[PDB]
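Chemist: enclosed are the sequence and the experimentally obtained structure.
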Amino acid sequence: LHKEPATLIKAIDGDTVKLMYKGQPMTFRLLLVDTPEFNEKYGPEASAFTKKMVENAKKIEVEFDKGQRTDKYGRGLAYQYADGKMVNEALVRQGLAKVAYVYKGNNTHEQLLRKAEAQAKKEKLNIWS
Ligand SMILES: Cc1cn([C@H]2C[C@H](OP(=O)(O)O)[C@@H](COP(=O)(O)O)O2)c(=O)[nH]c1=O
Ligand SMILES: [Ca+2]
């Protein structure tokens, strides 16, 4: 897989961010994770975590996987990097997202994210507490 440039337009919630990608505004949904909705327990914490990570980054990148690049809502499906740190992994490692929505062909980083989840769970962090 390959990282490509994007710039932040606006944080939205724990697992969706508005980015400008090839010059066009798009809502991106993070691959392989599910954060609580803002109205649910840990939802505001997930939103805050992703907001801080993308707003503080000097460089955001998106990385598409091998399969579908947009979902049925027209959201981009990618892994997101903030100064080289994967947002998807960081949320899972902090117990603010569960690994989820693991569809065949878009699952390159599944085992990396499962390993982070196992660690967050061993630590009883957030959702796992
Ligand atoms: C993460 C992800 C979500 N989706 C769709 C499945 C779910 O459909 P439904 O809306 O019918 O439940 C929805 C979940 O996204 P959210 O967690 O953002 O609600 O997005 C994909 O199709 N592919 C993906 O990789
Ligand atoms: Ca969600």
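Modeler: Yep, that arrived. Numbers count the residues shown, from 1 in each chain. Ligands and ions are numbered 1, 2, ... in the order given.
Chemist: how about the strands in the protein?
Modeler: Taking DSSP state E as the criterion, the chain contains strands spanning 4-11, 16-21, 24-30, 33-34, 60-63, 76-82, 85-86, 98-99.
Chemist: of those strands, which stretch is the most buried?
Modeler: Most buried of these by mean neighbour count (mean count of other CB atoms under 10 Å) is strand 76-82; its value is a mean of 24. C-beta: built from backbone N, CA, C; applies to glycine.
Chemist: hang on, the earlier thing: how about the strands of the chain in a markdown table, adding distance to ligand 1?
Modeler: As requested, these are exported to a markdown table (distance: least, CB to the nearest ligand atom, whole Å):
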| stretch | distance to ligand 1 |
| --- | --- |
| strand 4-11 | 15 |
| strand 16-21 | 6 |
| strand 24-30 | 5 |
| strand 33-34 | 5 |
| strand 60-63 | 14 |
| strand 76-82 | 5 |
| strand 85-86 | 15 |
| strand 98-99 | 10 |
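Chemist: okay, the ones you listed in CSV with distance to residue 109 next?
Modeler: Below are the strands of the chain laid out as CSV (distance: least, CB to CB, whole Å):
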stretch, distance to residue 109
strand 4-11, 16
strand 16-21, 17
strand 24-30, 11
strand 33-34, 10
strand 60-63, 9
strand 76-82, 6
strand 85-86, 7
strand 98-99, 10
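Chemist: can I get these in a markdown table including distance to ligand 2?
Modeler: Listed next are those as a markdown table, based on distance: least, CB to the ion, whole Å:
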| stretch | distance to ligand 2 |
| --- | --- |
| strand 4-11 | 14 |
| strand 16-21 | 8 |
| strand 24-30 | 8 |
| strand 33-34 | 5 |
| strand 60-63 | 18 |
| strand 76-82 | 13 |
| strand 85-86 | 17 |
| strand 98-99 | 10 |
